[PDB]
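Peer 1:
Number of protein chains: 4
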Amino acid sequence: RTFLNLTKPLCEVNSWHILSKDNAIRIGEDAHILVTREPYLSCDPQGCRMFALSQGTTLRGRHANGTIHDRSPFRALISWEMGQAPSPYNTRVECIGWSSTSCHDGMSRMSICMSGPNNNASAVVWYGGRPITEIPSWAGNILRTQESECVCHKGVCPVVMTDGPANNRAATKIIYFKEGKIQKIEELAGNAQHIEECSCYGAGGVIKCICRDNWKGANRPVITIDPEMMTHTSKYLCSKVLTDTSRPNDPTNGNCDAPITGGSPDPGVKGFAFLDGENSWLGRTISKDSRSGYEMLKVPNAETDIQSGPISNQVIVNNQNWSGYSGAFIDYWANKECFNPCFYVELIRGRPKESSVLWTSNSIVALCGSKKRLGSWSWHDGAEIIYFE
Amino acid sequence: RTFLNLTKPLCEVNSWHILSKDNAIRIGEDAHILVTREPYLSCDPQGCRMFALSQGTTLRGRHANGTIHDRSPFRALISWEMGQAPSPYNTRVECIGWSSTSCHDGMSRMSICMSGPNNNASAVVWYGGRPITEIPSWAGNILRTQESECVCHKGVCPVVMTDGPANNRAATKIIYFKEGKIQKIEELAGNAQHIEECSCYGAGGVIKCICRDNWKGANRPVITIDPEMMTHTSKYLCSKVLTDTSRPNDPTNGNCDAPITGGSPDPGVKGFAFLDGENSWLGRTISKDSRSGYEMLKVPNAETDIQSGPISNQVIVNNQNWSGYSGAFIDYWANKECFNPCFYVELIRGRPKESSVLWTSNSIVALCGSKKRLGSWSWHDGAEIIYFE
Amino acid sequence: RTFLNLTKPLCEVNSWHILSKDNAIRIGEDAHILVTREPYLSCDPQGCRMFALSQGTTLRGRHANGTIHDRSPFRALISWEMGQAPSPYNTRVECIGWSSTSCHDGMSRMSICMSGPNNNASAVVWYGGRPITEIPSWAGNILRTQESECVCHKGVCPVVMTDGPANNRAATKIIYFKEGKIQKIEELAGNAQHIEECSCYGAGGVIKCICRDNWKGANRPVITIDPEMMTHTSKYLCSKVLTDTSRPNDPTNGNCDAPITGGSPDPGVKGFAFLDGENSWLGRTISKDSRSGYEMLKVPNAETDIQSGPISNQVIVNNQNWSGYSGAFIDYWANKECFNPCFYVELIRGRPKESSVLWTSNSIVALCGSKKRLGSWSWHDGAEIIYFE
Amino acid sequence: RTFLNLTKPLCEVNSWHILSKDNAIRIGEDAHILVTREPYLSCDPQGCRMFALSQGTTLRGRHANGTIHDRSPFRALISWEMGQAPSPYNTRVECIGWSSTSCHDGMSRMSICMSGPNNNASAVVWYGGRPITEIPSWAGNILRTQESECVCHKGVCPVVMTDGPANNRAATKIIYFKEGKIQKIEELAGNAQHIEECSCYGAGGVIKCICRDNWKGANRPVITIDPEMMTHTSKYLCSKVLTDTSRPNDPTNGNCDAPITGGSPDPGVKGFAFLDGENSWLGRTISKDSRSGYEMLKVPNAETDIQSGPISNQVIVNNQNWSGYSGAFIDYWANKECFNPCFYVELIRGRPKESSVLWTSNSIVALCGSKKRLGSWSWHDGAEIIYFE
Ligand SMILES: *[C@@H]1O[C@H](CO)[C@@H](O[C@@H]2O[C@H](CO)[C@@H](O[C@@H]3O[C@H](CO[C@H]4O[C@H](CO[C@H]5O[C@H](CO)[C@@H](O)[C@H](O)[C@@H]5O)[C@@H](O)[C@H](O[C@H]5O[C@H](CO)[C@@H](O)[C@H](O)[C@@H]5O)[C@@H]4O)[C@@H](O)[C@H](O[C@H]4O[C@H](CO)[C@@H](O)[C@H](O)[C@@H]4O)[C@@H]3O)[C@H](O)[C@H]2NC(C)=O)[C@H](O)[C@H]1NC(C)=O
Ligand SMILES: *[C@@H]1O[C@H](CO)[C@@H](O[C@@H]2O[C@H](CO)[C@@H](O[C@@H]3O[C@H](CO[C@H]4O[C@H](CO[C@H]5O[C@H](CO)[C@@H](O)[C@H](O)[C@@H]5O)[C@@H](O)[C@H](O[C@H]5O[C@H](CO)[C@@H](O)[C@H](O)[C@@H]5O)[C@@H]4O)[C@@H](O)[C@H](O)[C@@H]3O)[C@H](O)[C@H]2NC(C)=O)[C@H](O)[C@H]1NC(C)=O
Ligand SMILES: *[C@@H]1O[C@H](CO)[C@@H](O[C@@H]2O[C@H](CO)[C@@H](O[C@@H]3O[C@H](CO[C@H]4O[C@H](CO[C@H]5O[C@H](CO)[C@@H](O)[C@H](O)[C@@H]5O)[C@@H](O)[C@H](O[C@H]5O[C@H](CO)[C@@H](O)[C@H](O)[C@@H]5O)[C@@H]4O)[C@@H](O)[C@H](O)[C@@H]3O)[C@H](O)[C@H]2NC(C)=O)[C@H](O)[C@H]1NC(C)=O
Ligand SMILES: *[C@@H]1O[C@H](CO)[C@@H](O[C@@H]2O[C@H](CO)[C@@H](O[C@@H]3O[C@H](CO[C@H]4O[C@H](CO[C@H]5O[C@H](CO)[C@@H](O)[C@H](O)[C@@H]5O)[C@@H](O)[C@H](O[C@H]5O[C@H](CO)[C@@H](O)[C@H](O)[C@@H]5O)[C@@H]4O)[C@@H](O)[C@H](O)[C@@H]3O)[C@H](O)[C@H]2NC(C)=O)[C@H](O)[C@H]1NC(C)=O
Ligand SMILES: *[C@@H]1O[C@H](CO)[C@@H](O[C@@H]2O[C@H](CO)[C@@H](O)[C@H](O)[C@H]2NC(C)=O)[C@H](O)[C@H]1NC(C)=O
Ligand SMILES: *[C@@H]1O[C@H](CO)[C@@H](O[C@@H]2O[C@H](CO)[C@@H](O)[C@H](O)[C@H]2NC(C)=O)[C@H](O)[C@H]1NC(C)=O
Ligand SMILES: CC(=O)N[C@H]1[C@H]([C@H](O)[C@H](O)CO)OC(C(=O)O)=C[C@@H]1O
Ligand SMILES: CC(=O)N[C@H]1[C@H]([C@H](O)[C@H](O)CO)OC(C(=O)O)=C[C@@H]1O
Ligand SMILES: CC(=O)N[C@H]1[C@H]([C@H](O)[C@H](O)CO)OC(C(=O)O)=C[C@@H]1O
Ligand SMILES: CC(=O)N[C@H]1[C@H]([C@H](O)[C@H](O)CO)OC(C(=O)O)=C[C@@H]1O
Ligand SMILES: *[C@@H]1O[C@H](CO)[C@@H](O)[C@H](O)[C@H]1NC(C)=O
Ligand SMILES: *[C@@H]1O[C@H](CO)[C@@H](O)[C@H](O)[C@H]1NC(C)=O
Ligand SMILES: *[C@@H]1O[C@H](CO)[C@@H](O)[C@H](O)[C@H]1NC(C)=O
Ligand SMILES: [Ca+2]
Ligand SMILES: [Ca+2]
Ligand SMILES: [Ca+2]
Ligand SMILES: [Ca+2]
Ligand SMILES: [Ca+2]
């Protein structure tokens, strides 16, 4: 075992293959499955695992009532074997709280959870299954983090955190960890105006985090991190192809250095992109308004070119079905000469879009890149809401 | 650990002993057991596992309604400890999709699943739990494979795949893998006219696959594969003892080189045979029309002699009970000087034969050869359908 | 890691301490617990496990109806971590059948199950999780075995099997296994007239099997096996303290070399004793008529003296509660200079004694010896039958 | 791989961070969660586990009725992965009985359980999952122990046990174990007048046990143990800050050498403190009367100063929610230069305080020390009792 070094380039991606799907809500209609949200995946030398924030109740349990709520003392980050659904029986509690990230450095797994009241939240940083560091709120307003995996290089795992308003300028920091100890803290710099819920990946010595501007932009901010120097820059995705939700129609040109505003009725969703010159892919909901559908668009030079448009697309979830959050991960320990992009889509069921039930939960689908031109279909959740009425 | 080499001959078999039985439908009437079909078993150096395609719901769940359907985005290949019933709590997702095969090469397990729409399916080939290779449909019509284990020799594991019509000429290939990477692809050669759902085993450096002709024949095709030269031949089982379902009455003579037509109402079922001169055994349903009952027939020189008939019989599932698919496997890592034939029978319950429930599922029974003359009884599923009404 | 040898003496036993209790019926009133009967424990270098014959249904399932029946195609030998209750999720299928034994030889575990119809049963013998040997019925009448552990010495594990009538002379054999292979078969010799369901333990290079005479005797047969010579002798417990059920009142004098007849209404139950001169303990039901209560009696020289009576007692299960089978096991790999006796009691619930339910199952309690003088209370099952109405 | 030495000092503690919370009652409203009480945590070189006394029934089970009662033959000590809720499927049975302690010595875990009738209980001492020693009641009145973890130094693990009246002078002993074997027994000496339910931890070669005086004191006794000499002293916490329940108002001065009496209506609850001069923290229920609320109080020199009062506080459970037992543990195998204090609070639900249900159970929250000044919120159980009506 050795520390992961981000030595390899991204693999070429022409289409996406199915990696995993847990069918959590179909199964959970009858079996004992935990209510969750904010899922992701993360890998290590042995394979990949699913992660999510439990609501500390099962789906069919009476306590599922009220699980639209984001923050409670009953939430925790749980992990489990990829492809299984998350039950009380097969889930590892990583940390306690209602906002998380996790990553493996090649040696051990770091997991971070925030908990506490809005004005006095704190992070606990775990490494190798033991708590190492605690970080108090610096701005007194929902200290929070990625809700997908962090990335490590030579033992240094940067993590993007935000504390402050959802709907105004906030205080974002990049905290560089090693073995769960703080090596450096940086205040966000550059042109991104608001940062939440960063989806990060590493390639060729560089970490890129594609985030959520909940204040203004329907274009996604991008943080570019040098994990050796422990420095960063920020701006927006250049491309006119807008990938937040809600968003206005894609304009004639994007903006690399400022938010493109508009869209109704919601100010943002967690998402991701892989950015590698011609080899660039943007995910987004198919609906511009609602967390409905999910598509992958190949947008050459999305990172640098304001005129860049899609050259190919793959529907991941049809627009007659609910999506949710999406995020990046990579199996950095695959037996490949390149790092192959993967992503997941959270498939949210229940409130608020389906209000015939009292709960809010999700299932997971994940896909990874192929160089081939693979056929596709819709990987929607596949539960019948009427069965839960 | 080392690559398996198929150096041993097949064991002499005079009767069949019980290996495993999961009683899935009985247990699943109350416990949380996944709906499945297309089960099989496959072994490795440590022992044997059960496999099946989940339908992504439990048997008592409301989502079991409509599980007669073969292909959905909710299906996956799952494995579990031999003899347990498949629950959401004890099952490993091998890959996602609605047609599979799996085999261990002595080092690691290869698993393959096809998924996607009819006109644009793809396979993902996994090795040691990681995705290695993707394979797009070549004929745009339900790319599909064995539904039982593949077989490896010196790290080379041939797999039979078909893409094309169920009811007409299709495009079958033999794809030879090593550590999940394609070493060679062959188009089907020889006199078999249609190939599905091959049941394969190895002995003395030869792999023999006994398949389903869904187009014409009630006699089963046989593909003989040389995993070193990576070449093959094909024809039909010679014996007059016809083993597909539906089938006509056994004729006075079989046909080694052309399908024997007839039988109603169903064009085919997955089955198997062990072919070893005098030591040859043919499985089939007892009913010539329906997937009812299951019998083993010792048919010396079935592979070569059109006049060959049964010299002994063992009833596996009586003809008052439902059967289903059957397939071959061997514990190639047993401490014996010969490789001992094993087989399973899928015991399908529910639709279409039992239309008083809304679901279709199965349990498994598996048996292996004995040189002794063992007594026998019926290993039917054993659930009472009235309890599910 | 080596083959176990049985050279150590039995520990002094003055009282019995609680080892385990699984509370399976209390738990299974709501949780998914398998219906069982014929439990036991067996140990290995790592610890001890519980074992039993599943009925291939949960306790609360509709298929629990009719589980009074002893033999079906849906039974199997299952093992689980000591103390847990047996669910579909935590149980290992050892072999398939309706009569079993199991033991560890210090290297691997041998498990044997008989299955099939009454007139044509067979045993399959497993070693290290793989089938090794098959044994066809020799008398055409319910080939059957111990229902508690076997014992091994220097690789050789004798097992006592019976084939033949329950109510008349039968054909008992002692089969001596090594690595699941037959080393020697012996016909029952000596003065025991009928042998079933031997409870066996080793000490001082000698295996003693205390059995059930279902034909005539209310005294228990004792077979004494020499595992190095692979020879045996048989007779009856000499003591006047009669330990089968049903049995008459204890007479003035026992009978070492013939069955003492009498008792009503049942011809026998599986039981056990530890026979070590002054250090001898007999178990039995407290009721002479029914499988009610369970007591341990210290009966010095029970093996040799027809006049021997109890000098001390410990009630294990009060006579207001149901018992069942009882059997011997020892943790031969304990860090002691002597082998400490242990036993279990099967706590049978449901039919025929509790006929307000449709099922029959059991829970387990197990105790081992202490040289101390420990207090005691009843370890009855603890479920309320009313809750199952 | 080596015996734990208590060489390190305690860590500085300024606030408490969340370590784990199992949300057992919330989950157990629907999932198969065992009824427990008397929980704790204990760690080992790999991690930390949760522990509790099962009542041998699930929470939704009909046998949950009557689980207010403390002692039965259906209780056992169970352990499970920290953070999961205790189910029949994920729990290890450590020993059988109705009072326990457990600790790891660096090599293996010792677990002790008392069982039996009030007048004739006995302890069984387990090491590495095997029973080692038995200890009969010495005073014929509910032989009992800590209900939280013991502590080990150079292989020696002292354990505090009591036998005798709950409401009068009793017979307490300190038993010093190594590999589950009694090294030495001491009668309690010093000024503590009654001892129950000690909560113990180690630092700098000293073990301190902060206990429950059920007879007189609302101040807590403190036993100080040298595990090398295997000797002890006893007295009372000096501080005026009284930490038993029920208790009177804190007086002007505490008493180091005698109980401070009063309070209504209950004579005691298990609790804990960490005592390290200025770095001293006392836990107690917020209510002086009932097991309601939980607060940590930083009380410099609480061990030595009868005038010491609180300089900091942290509310762990608000006084609108039920608490219960509380106890100490440390992850002695953390990668830190100091031993970091941790504690748990048992969150009791059901009887007697919530009499609309028939049961009594609990969930667990656990927290460890931080040198930072972390914000806090209430970590109450979170279940809605109405859902169980
Ligand atoms: C302990 O259990 C064991 C384990 O099962 C059992 O041992 C078996 O014993 C029986 C004899 O009792 C053996 O049966 C022999 O089987 C031979 C082959 O039979 C198969 O093939 C027959 C021909 O089929 C072809 O042709 C016909 C047209 O003729 C056509 O319909 C077919 O489709 C096919 O083309 C077939 O007739 C036969 O059918 C029987 O079995 C099936 C199940 O497979 C059942 O569904 C049928 O209803 C029917 O029962 C079967 O499919 C056969 O050649 C042989 O016949 C000779 O011996 C008998 C005497 O036994 C003579 O009476 C007869 O004239 C022949 O000379 C016989 O039927 C079987 O092989 C043993 N199995 C093993 C593994 O050893 C023990 O009996 C059990 N003990 C107890 C006490 O129960
Ligand atoms: C087997 O499976 C293969 C895998 O899916 C499949 O291969 C696909 O083949 C199709 C058909 O040839 C190719 O389609 C091509 O895609 C590109 C790019 O399409 C995307 O972008 C355009 C432009 O969007 C922007 O501009 C418009 C208007 O100014 C705005 O509305 C928009 O927001 C952007 O600003 C967009 O119009 C496309 O819309 C389609 O798809 C979306 C979902 O992604 C739908 O919601 C929508 O209604 C519409 O159908 C799209 O988002 C396009 O420019 C080319 O002209 C061409 O259409 C796929 O790229 C290709 N995919 C891959 C991975 O190869 C095979 O077809 C399939 N075989 C069979 C037999 O089914
Ligand atoms: C703290 O715990 C200690 C251990 O748990 C416990 O110690 C026990 O103490 C008692 C004395 O108080 C000792 O009892 C002694 O027992 C022996 C043997 O008794 C057994 O056998 C006799 C004879 O049985 C035979 O003959 C009769 C008459 O013809 C027949 O009916 C029978 O079928 C046999 O042929 C028998 O009468 C006894 O019967 C009693 O026990 C049974 C259960 O086994 C009940 O069903 C029955 O109704 C009756 O109660 C018995 O079976 C006896 O000979 C001595 O005179 C004396 O009675 C225990 O041996 C001893 N045990 C151990 C393990 O040390 C302490 O009592 C306890 N302290 C408490 C509770 O305060
Ligand atoms: C982010 O969260 C932080 C962590 O919780 C928090 O930091 C806390 O801030 C508060 C407010 O500044 C601090 O309070 C200070 O506490 C000390 C200690 O007070 C405790 O003890 C006193 C005295 O108790 C004795 O005397 C009285 C008689 O006078 C008796 O009743 C009693 O039985 C004793 O003999 C006590 O009065 C305090 O009472 C408070 O707290 C309890 C719960 O513990 C409540 O039940 C009660 O109603 C009342 O609220 C207390 O028990 C005190 O002397 C100072 O004067 C000051 O009160 C916390 O210490 C501090 N905590 C930490 C860990 O740093 C931040 O406030 C928070 N930020 C925001 C924005 O919320
Ligand atoms: C339990 O099993 C018995 C045996 O199968 C069932 O009894 C049968 O029930 C049907 C329908 O009521 C009757 O017409 C038959 O006459 C009964 N058969 C026998 C052999 O008695 C019984 O119904 C089952 N009980 C439950 C609740 O499932
Ligand atoms: C809860 O358990 C109590 C105690 O066993 C039950 O109360 C008994 O119920 C039986 C049957 O109705 C009565 O005959 C007894 O007299 C009652 N005893 C006591 C001590 O009250 C009660 O029925 C159980 N409740 C539920 C819902 O199971
Ligand atoms: C820590 C926290 O509450 N995160 C929540 C996040 C947050 O409200 C937004 O990012 C504004 O800050 O939004 C959402 C959401 O579904 O949109 C769910 C998260 O649980
Ligand atoms: C991939 C797929 O759909 N396979 C299905 C297979 C197929 O329809 C036939 O082999 C014609 O191609 O048939 C059956 C069947 O019960 O007969 C079930 C399989 O799920
Ligand atoms: C293999 C088998 O049927 N064993 C059964 C055994 C047997 O009937 C008796 O030993 C006479 O042979 O008896 C009993 C019983 O509860 O008494 C249960 C066993 O399941
Ligand atoms: C072994 C035993 O019964 N312990 C019990 C203990 C005891 O009654 C008290 O310490 C006086 O001895 O009290 C309590 C309690 O909630 O107060 C619960 C424990 O189960
Ligand atoms: C089963 O599915 C059909 C097809 O969707 C549906 O209309 C019907 O109501 C379902 N039945 C049940 C009982 O859910
Ligand atoms: C029996 O086992 C013991 C302990 O392993 C060993 O030392 C002794 O040599 C063995 N004796 C025989 C004769 O095998
Ligand atoms: C622990 O104690 C042992 C035995 O006295 C001592 O030799 C050793 O140095 C100690 N090791 C650690 C690392 O605490
Ligand atoms: Ca936005
Ligand atoms: Ca056919
Ligand atoms: Ca008898
Ligand atoms: Ca359940
Ligand atoms: Ca007190």
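Going line by line, the protein sequences match chains D, C, A and B.
With the first letter of the first sequence counted as 1, position 198 gets the number 279 in PDB author numbering; the numbers rise by one all the way through.
With the first letter of the second sequence counted as 1, position 225 gets the number 306 in PDB author numbering; the numbers rise by one all the way through.
With the first letter of the third sequence counted as 1, position 194 gets the number 275 in PDB author numbering; the numbers rise by one all the way through.
With the first letter of the fourth sequence counted as 1, position 179 gets the number 260 in PDB author numbering; the numbers rise by one all the way through.
Beta carbons: idealized from backbone N, C-alpha and C, even for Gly.
With which residues is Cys238 (chain B) paired in a DSSP beta bridge?
Peer 2: Within the fourth sequence, numbered from 1, the residue matching residue 238 (chain B) stands at position 157. Answer is B:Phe258.
Peer 1: Please tell me whether, using a cut-off of 8 Å, the distance from the CB of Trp440 (chain A) to the nearest non-hydrogen atom of ligand 9 is below it.
Peer 2: If you number the third sequence from 1, residue 440 (chain A) lands on position 359. For ligand 9, not one heavy atom lies less than 8 Å from the Cβ of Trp440 (chain A).
Peer 1: Does the separation of the CB atoms of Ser444 (chain A) and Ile397 (chain A) fall below 9 Å?
Peer 2: Position 363 of the third sequence, counting from 1, holds the residue named residue 444 (chain A). Position 316 of the third sequence, counting from 1, holds the residue named residue 397 (chain A). Not closer than 9 Å, so no.
Peer 1: Return the CA-CA distance between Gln165 (chain C) and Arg130 (chain C), expressed in angstroms with no decimal places.
Peer 2: In the second sequence, residue 165 (chain C) corresponds to position 84, counting from 1. In the second sequence, residue 130 (chain C) corresponds to position 49, counting from 1. Distance between the alpha carbons of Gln165 (chain C) and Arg130 (chain C) is about 10 Å.
Peer 1: My guess is that residue 487 (chain C) and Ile288 (chain C) are in contact by the Cβ rule of under 8 Å, so how many angstroms apart are they, rounded?
Peer 2: For chain C, the structure presents residues 82 to 470; residue 487 (chain C) sits outside this window and is missing.
Peer 1: I'd like to confirm the pairing. Which residues does DSSP put opposite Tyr121 (chain A) in its beta bridges?
Peer 2: Mapped onto the third sequence, residue 121 (chain A) falls at position 40. Partner(s): A:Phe132.
Peer 1: Quick one: Cα of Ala284 (chain B) to Cα of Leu87 (chain B), how far?
Peer 2: As a first step, residue 284 (chain B) must be located in the fourth sequence, where it is residue number 203. As a first step, residue 87 (chain B) must be located in the fourth sequence, where it is residue number 6. Going by the C-alpha atoms only, they are around 5 Å apart.
Peer 1: For the putative contact between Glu162 (chain A) and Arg173 (chain B), defined by C-beta atoms under 8 Å, what is the C-beta separation to the nearest angstrom?
Peer 2: Looking up residue 162 (chain A) in the third sequence gives position 81. Looking up residue 173 (chain B) in the fourth sequence gives position 92. At roughly 7 Å, the Cβ-Cβ gap stays under 8 Å, so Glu162 (chain A) and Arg173 (chain B) are in contact.
Peer 1: How about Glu215 (chain D): is its C-beta nearer than 9 Å to some C-beta of chain B?
Peer 2: Start at 1 with the first residue of the first sequence, and residue 215 (chain D) comes out as number 134. For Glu215 (chain D), the answer is yes, since a Cβ of chain B falls inside 9 Å of its Cβ.
Peer 1: Of the residues B:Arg372, B:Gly364, B:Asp357 and B:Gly358, which one's Cα is nearest the Cα of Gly344 (chain B)?
Peer 2: Taking the fourth sequence and counting its residues from 1, one reaches residue 344 (chain B) at position 263. Answer by Cα proximity: B:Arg372.
Peer 1: With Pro381 (chain B) and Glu359 (chain B) assumed to form a contact (beta carbons below 8 Å), what rounded beta-carbon distance in angstroms separates them?
Peer 2: Along the fourth sequence, one-based indexing puts residue 381 (chain B) at 300. Along the fourth sequence, one-based indexing puts residue 359 (chain B) at 278. Going by Cβ atoms, the distance from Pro381 (chain B) to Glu359 (chain B) rounds to 5 Å, so yes, they are a contact pair.
Peer 1: Please determine whether the Cβ atom of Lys102 (chain A) lies at a distance below 8 Å from any heavy atom of ligand 13.
Peer 2: Residue mapping note: residue 102 (chain A) aligns to position 21 of the third sequence, counting from 1. Not so, every heavy atom of ligand 13 lies at least 8 Å from the Cβ.
Peer 1: Would you check if the distance between the CB atom of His113 (chain B) and the CB atom of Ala105 (chain A) is smaller than 9 Å?
Peer 2: Taking the fourth sequence and counting its residues from 1, the one referred to as residue 113 (chain B) is at position 32. Taking the third sequence and counting its residues from 1, the one referred to as residue 105 (chain A) is at position 24. No, these two residues do not count as a Cβ contact at 9 Å.
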